[PDB]
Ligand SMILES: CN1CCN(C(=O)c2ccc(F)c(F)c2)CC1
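Below you will find one chain, with nothing else, as structure tokens; this is the form deposited without this ligand, and questions on how it binds or moves follow later.
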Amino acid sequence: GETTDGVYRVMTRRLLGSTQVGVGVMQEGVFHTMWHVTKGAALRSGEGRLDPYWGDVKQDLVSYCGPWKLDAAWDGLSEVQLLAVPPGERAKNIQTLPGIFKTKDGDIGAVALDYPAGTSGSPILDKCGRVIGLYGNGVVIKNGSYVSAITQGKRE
């Protein structure tokens, strides 16, 4: 299968036509996405198979072919870019200053950008182009819009 670093769409044919269920990151030969996109199922890349390696429903993250590789963190200060890959539309950078999710276990960066659910797993970047987490796990607010955590895993 294709193993070049970059951003990828996650597709299915189990519905009408070809439907985009979400997005992920290929880095150092490991595929990174959100748990709710694949539910831990195997993936095809051309005639190649990608098997799940690590996952956690609570973090809503999963890695394929290896351990989680992405370890960069939001600085807490600077704007970031969502590399949005929406269904049927070209990859597009959107630059934004994250807000904060305040939880009993700590503060997390959050991005207030509204995209279809099939955009889940798009990477959030810092100014050096490092993936600081994935978009698509968050909350619907007073206004009716979606606010996503910046969800990052840990690298062992």
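Residues carry their position along the shown sequence, with the first being 1.
Absent from the display: the form deposited with this ligand bound. The rest refers to it.
Ligand-site obstruction classification: this ligand, superposed in the deposited bound form, backbone or C-beta within 2.4 Å: Pocket blocked on this form.
Mark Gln27 yes when one of its heavy atoms lies within 4.5 Å of a heavy atom of this ligand in the deposited bound form, and no otherwise. Judged by the heavy-atom cut-off of 4.5 Å, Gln27 is well away from this ligand in the deposited bound form.
Considering only heavy atoms, tell me if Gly48 and this ligand come within 4.5 Å of each other in the deposited bound form. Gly48: no contact with this ligand in the deposited bound form.
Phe31: touches this ligand in the deposited bound form, heavy atom cutoff 4.5 angstroms: Outside the cut-off, so no.
Are any of the heavy atoms in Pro67 no more than 4.5 Å from a heavy atom of this ligand in the deposited bound form? Contact with this ligand, yes.
Would you mind checking 29-63 for residues with a heavy atom within 4.5 Å of this ligand in the deposited bound form? Going through 29-63 in order - heavy atoms within 4.5 Å of this ligand in the deposited bound form - the hits are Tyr53, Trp54, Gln59, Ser63.
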